[PDB]
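Student: PDB entry and its sequence, pasted below:
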Amino acid sequence: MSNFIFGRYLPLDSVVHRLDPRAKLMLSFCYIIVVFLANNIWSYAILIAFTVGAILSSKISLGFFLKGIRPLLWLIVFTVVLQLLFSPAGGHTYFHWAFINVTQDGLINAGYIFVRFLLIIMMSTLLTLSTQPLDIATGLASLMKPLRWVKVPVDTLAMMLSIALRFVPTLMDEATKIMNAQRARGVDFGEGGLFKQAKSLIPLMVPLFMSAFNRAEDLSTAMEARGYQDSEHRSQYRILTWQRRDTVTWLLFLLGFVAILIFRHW
Amino acid sequence: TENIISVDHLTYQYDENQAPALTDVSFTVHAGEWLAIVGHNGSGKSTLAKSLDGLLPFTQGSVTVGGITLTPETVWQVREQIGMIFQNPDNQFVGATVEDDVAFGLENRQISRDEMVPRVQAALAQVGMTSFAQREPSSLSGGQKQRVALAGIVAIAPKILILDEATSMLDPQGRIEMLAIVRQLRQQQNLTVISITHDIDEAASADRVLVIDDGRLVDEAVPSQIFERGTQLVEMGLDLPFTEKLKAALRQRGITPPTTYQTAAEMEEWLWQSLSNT
Amino acid sequence: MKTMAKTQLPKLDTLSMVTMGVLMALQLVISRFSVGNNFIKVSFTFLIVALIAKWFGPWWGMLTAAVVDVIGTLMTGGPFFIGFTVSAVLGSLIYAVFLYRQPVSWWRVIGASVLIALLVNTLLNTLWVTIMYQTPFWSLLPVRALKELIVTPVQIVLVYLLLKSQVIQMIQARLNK
Amino acid sequence: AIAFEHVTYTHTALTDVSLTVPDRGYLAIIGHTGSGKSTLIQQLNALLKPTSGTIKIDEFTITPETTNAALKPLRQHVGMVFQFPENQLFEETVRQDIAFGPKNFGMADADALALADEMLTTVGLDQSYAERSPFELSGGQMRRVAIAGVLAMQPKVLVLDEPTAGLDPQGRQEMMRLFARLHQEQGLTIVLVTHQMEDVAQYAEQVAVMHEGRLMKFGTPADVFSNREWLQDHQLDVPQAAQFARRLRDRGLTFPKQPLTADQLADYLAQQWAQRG
């Protein structure tokens, strides 16, 4: 009962947790371009309003949201310090020596960079911590179907993704089994120097590969026995239901879109 | 009854230069029966099982199921009436939920969603699996996966149930439960079931033993007549039941019991009447 | 461009598709067996891509690479931009072109690896991060170049060893057949 | 060479217990059906540590505050064979794979290759197999090679889990006979965890029943298997001979003791019938 879905996910009831994955996916895709368009202060103000409204409507702890920030920090500093060190001049310089310049341009532009970075990270982490991992594959399959006209097999890709998103846990478990069964023979996993670290991993790659291939062959035979002739000649069982919550969310986003369009600097 | 499965002159090699695995397999199958193909490891019987469903391409001979003779053009038609459960119970799932697995068969054959849910629900409730419908697949008991696969194959509604080895990976209780479930299914829907086996119990319930050794029919009899070959039954591919244990043990200790096969009740009554008289 | 792939082709054997899926899963799980630090990171995902390319060929390699990149990015976290997918497909295509259906050899592997590193891992990625984070370009570029030029030598030897191990040959025995 | 005195670890509390296992013995652990709980065996070995006192195994004594540093010598004294030991064969040749253990702990390479020959001979194989690659070997031959490889550490206490899983009756018989011969000749104390009751009935000296991680009995099989109702509580059972003996007794015959294996019942019935004549 203590389900452990792959990766990270919160089972918290909310409104955002109830949207169709399709709408969330498309909104996430369009968010980058919408951010790109904004240039002036009022633009960023309206964008901040939209994002803060969105995140606050999810009941997620503010602590988790900062976790996704951590594996990007060095770039954040690097960028801000460089743009406050070798930067365009113009204004009241606080301290100048050699290339070092500290003007009002630094304040305004650095504030812009920081806010934009924060928004991008926020809307990136929300998508992950707003949707069941499994449904993402089905949503992508549904939103990729129109590609059939240009003759790129998509149903086969959907089948492959469905296969992989089930295999992942089993391989991760076999990895632990191999780890333990070989630590029985004294192979110190993780100790020693870097050369020793990478030298002792071959008896964690070879057996995993062999076991994976055996599983693949047996699964292929079993599936063929059922009658899986080809693709695109097959009905669908797990379907999606587009409710009006999606319509209202899309309408609100488009209202914000037109607002940013008319209020930005042309 | 008209022989559902007709097989004759079957010789095949899954590797060109390997020793003859199967050689001129000749046997027949009626309807509503329970066969048993038992033989020591290395003789080759899984090859026979795989060939019976038209999986491996063979050359010599011809197999016929439900009138249609097997050709490399009608295999898809044949496979509709043939279903089987494979050896390892962890390498037979296709979906991310039990419901998806049991649905897979129905989805494969072009059908409508609106009609799907009642059938999958009935199938799941026909094997006592309903309460685990929504959970992930890598959480069930070892035998529960076999039960789910059985539910799916029941849902597809076939006539022949090739019960390839499906009782080695499990524990005693799971084996007993699976045997009971297949008993119930056979009794209800009149399904002919073949079985590749090493355990005594499944062979005991069957009605015909078809010992195969070195790709050859060496014997064929009724369970009763074949559970009498002393120690060599161990080499045959089975384990002697407890009755045979006591049977053989008594002989060495200087007492001669009867000859024919007996169950628990028969030996019980024989010993009780023999001793209580004196 | 010695060979032209199949823009369309007859449907694959089930074995091939299931192998593709399992290798996708293997690539997805490798990310958690990494060795490195927050600043210096050394992953082992580039191994599987070359294997996929060599075994199956350009078109399927490209499609699988795109799908795996997109799903993994949306699944773990961080931004989602088309440039990363473009880089992945380019890398897979280079691998397939320089290695598919040719005998495994030293010079081929070294030449392929150096080209992929220099082109995709520095230039395209640096440009994408410049466009999508407005970080200065001509100050950042050398820093990543240092890392790539110090790490690629390991990649070449690892790829060679993977391609010359027995288990790969044994699998190919039952795969090509 | 195992002793305990109400000091084991106490997740729901596992009560502290006391037990002792003689040397060159046979401890069979018929555990909880739903899970064999290799973790419970790991309560003192590998990662998980014990608490609430001291444990003593041969020379090494596990104090309550002993950290992983002292666990290294334990690894070179207790051998365990995981279920399906065929998943850990990675090395070009059988000889090299067999010697991976001793070479890892640190031996002369030529010496390890020398021990490879004797240890291969022990499991009853041919030296020609030495050159072949493991992946091209038969089914049970891989298991036997892995068993030899783990056995090559010349330890004194062996941990075997579900050894006869996925075999035919002949294979199980041969494997258990090999283990019995090693027990009686080379003098190792083997701890067994398994489901089949016949192996426990015949090849055993002391048994143990564990339900959800709680040792609720100990001693010889003779005493443990004489409380039928007690074992049915924990989804357990008794040897077929026990069923037959109970059926016969309920029919109106008496025996001094419960016959565990079919041989004991056969001897009792033979002598009793001979007395009647």
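Tutor: That came in fine, so what should we check first? Numbers count the residues shown, from 1 in each chain, chains lettered A, B, ... in the order given.
Student: which SSE is the residue of the stretch 101-250 of chain A found nearest chain B in?
Tutor: When scored by C-beta to the nearest C-beta, the stretch 101-250 of chain A has residue A:218 as its residue closest to chain B, at 4.3 Å. Placement of C-beta: from N, CA and C, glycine included. When elements are assigned from DSSP states H and E, residue A:218 belongs to helix A:202-226.
Student: in the very next helix or strand once past that helix, what's buried?
Tutor: Once helix A:202-226 ends, the next helix or strand along the chain (criterion: DSSP H and E) is helix A:244-263. Going by neighbour count (16 or more other C-beta atoms under 10 Å in any protein chain shown), the buried part of helix A:244-263 is A:246, A:249, A:253, A:256, A:257, A:259, A:260.
Student: what do you get for stretch D:162-178?
Tutor: Across stretch D:162-178, burial judged by 16+ other C-beta under 10 Å covers D:162-172, D:174-176, D:178.
Student: give me the three-state assignment for the residue nearest to the spatial centre of chain C.
Tutor: Nearest to the mean C-alpha position of chain C, counting by C-alpha atoms, centre = their mean, stands residue C:49 at 3.9 Å. Secondary structure of residue C:49, reduced to three states by DSSP: H, G, I helix; E, B strand; the rest coil: helix.
Student: give me the domain ranges for chain B.
Tutor: If you go by automatic domain parsing, the domain ranges for chain B are B:1-81+B:158-228, B:95-157, B:241-278.
Student: contacts made by the host helix or strand of residue B:184 with the rest, please.
Tutor: Secondary structure from DSSP H and E places residue B:184 in helix B:172-189. Applying C-beta atoms under 8 Å, 6 or more residues apart in numbering or on different chains, the contact partners of helix B:172-189 are B:34, B:127, B:141-144, B:146-147, B:150, B:154, B:161, B:163, B:166-167, B:170, B:191, B:193, B:199, B:201-202, B:205, D:33, D:195-196, D:235, D:237.
Student: try stretch D:205-218
Tutor: With C-beta under 8 Å, 6+ apart as the test, stretch D:205-218 has contacts from D:12, D:14-15, D:17, D:19, D:21, D:25-32, D:37, D:40, D:200, D:219-221, D:224, D:231, D:234, D:236.
Student: rerun at 6 Å
Tutor: When contacts are defined by C-beta atoms under 6 Å, 6 or more residues apart in numbering or on different chains, stretch D:205-218 is touched by residues D:14, D:17, D:19, D:25-32, D:40, D:221, D:224, D:234.
Student: what's the spacing between residue A:262 and residue A:35?
Tutor: 17 Å (C-beta to C-beta, to the nearest Å).
Student: with residue A:64 instead?
Tutor: 22 Å.
Student: the more surrounded of these two?
Tutor: Using other C-beta atoms under 10 Å in any protein chain shown, the more surrounded residue of residue A:64 and residue A:35 is residue A:35, with 18 against 12.
Student: is it correct that the more buried one falls within a helix?
Tutor: Yes. Judged by three-state DSSP, residue A:35 forms part of a helix.
Student: sorry, back to before: can you list the domains of chain B in a markdown table and add distance to residue C:163 and mean neighbour count?
Tutor: Output for the domains of chain B, formatted as a markdown table (distance: least, C-beta to C-beta, whole Å; neighbours: other C-beta atoms under 10 Å in any protein chain shown):
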| stretch | distance to residue C:163 | mean neighbour count |
| --- | --- | --- |
| domain B:1-81+B:158-228 | 26 | 17 |
| domain B:95-157 | 32 | 18 |
| domain B:241-278 | 54 | 14 |
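Student: so which of the ones you listed comes closest to residue C:23?
Tutor: Ranking these by their distance to residue C:23 (criterion: C-beta to C-beta) puts domain B:95-157 first, at 18.8 Å.
Student: so how far is that closest one off the chain centroid?
Tutor: Mean-position distance between domain B:95-157 and its chain equals 21 Å (C-alpha atoms, centre = their mean, to the nearest Å).
Student: again, but for stretch B:196-208
Tutor: With C-alpha atoms, centre = their mean, you get 8 Å for stretch B:196-208.
Student: and if you look at stretch A:20-30?
Tutor: Relative to its chain's centre, stretch A:20-30 lies at 12 Å (C-alpha atoms, centre = their mean).
Student: wait, does that stretch contact chain C?
Tutor: No. If you take C-beta under 6 Å from any C-beta of the partner chain as the test, stretch A:20-30 misses chain C, and the best it gets is 6.5 Å.
Student: circling back to that earlier point, how much space between the nearest residue to the residue of the stretch 101-250 of chain A closest to chain B once chain neighbours are set aside and residue A:214?
Tutor: In space, and not counting its chain neighbours, residue A:218 is closest to residue B:91: 4.3 Å by C-beta to C-beta, 6 or more residues apart in numbering or on different chains. Applying C-beta to C-beta, the value for residue B:91 to residue A:214 is 8 Å.
Student: what does the spatially most central residue of chain B show for phi and psi?
Tutor: With distances taken as C-alpha atoms, centre = their mean, chain B has residue B:195 as the residue nearest its mean C-alpha position (2.1 Å). Residue B:195 adopts backbone torsions of phi -150, psi 120, taken as degrees, to the nearest 10.
Student: partner residues bridging it?
Tutor: Applying DSSP bridges to residue B:195 gives these bridge partners: residue B:163.
Student: I'd like to know how far it sits from residue B:149.
Tutor: 15 Å.
Student: repeat for residue D:123
Tutor: Note on residue D:123: its distance to residue B:149, by C-beta to C-beta, is 36 Å.
Student: ranges for the strands of chain D?
Tutor: For chain D, applying DSSP state E gives strands covering D:2-3, D:20-21, D:26-30, D:55-57, D:60-62, D:78-81, D:157-161, D:189-193, D:206-209.
Student: convert the third one to CSV, retaining C-alpha atoms only.
Tutor: Translated: strand D:26-30. Extracted in CSV, the C-alpha atoms of strand D:26-30 (Å, rounded to 0.1, in the frame of the first residue of the first chain):
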residue,chain,number,x,y,z
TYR,D,26,22.7,-27.8,11.3
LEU,D,27,20.4,-24.8,12.0
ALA,D,28,17.2,-24.8,9.8
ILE,D,29,15.1,-21.7,9.9
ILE,D,30,11.6,-22.3,8.6
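Student: buried residues in it?
Tutor: For strand D:26-30, by 16+ other C-beta under 10 Å, it's D:26, D:27, D:28, D:29, D:30.
Student: what's the residue of the stretch 101-250 of chain D found nearest chain C in contact with, if anything?
Tutor: Residue of the stretch 101-250 of chain D nearest chain C, by C-beta to the nearest C-beta: residue D:135 (5.7 Å). Taking C-beta under 6 Å, 6+ apart, we find residue D:135 in contact with residue C:170.
Student: again with the one 5 residues further on
Tutor: Applying C-beta under 6 Å, 6+ apart, we find residue D:140 in contact with residue D:171.
Student: over to residue D:188?
Tutor: Each residue near residue D:188 by C-beta under 6 Å, 6+ apart is listed here: D:156, D:158.
Student: at 10 Å instead, please
Tutor: Going by C-beta atoms under 10 Å, 6 or more residues apart in numbering or on different chains, residue D:188 touches D:23, D:24, D:25, D:79, D:151, D:154, D:155, D:156, D:157, D:158, D:179, D:182.
Student: what sits closest to the residue of chain C found nearest chain B if chain neighbours are left out?
Tutor: Going by C-beta to the nearest C-beta, chain B is nearest to residue C:18 of chain C, at 10.0 Å. With sequence-adjacent residues excluded and distances taken as C-beta to C-beta, 6+ apart, residue C:18 is closest to residue A:220, at 4.3 Å.
Student: quick check: the one you found touching residue C:15?
Tutor: Yes. Counting by C-beta atoms under 10 Å, residue C:15 is a contact partner of residue A:220 at 4.8 Å.
Student: who has more neighbours, those two?
Tutor: Ranked by neighbour count (other C-beta under 10 Å), residue A:220 and residue C:15 place residue A:220 first, with 21 against 17.
Student: OK, contacts around the more buried one?
Tutor: Here residue A:220 is in contact with A:228, B:91, C:13, C:14, C:15, C:16, C:17, C:18, C:19, C:21, C:22 (criterion: C-beta under 10 Å, 6+ apart).
Student: sweet, I'm off.
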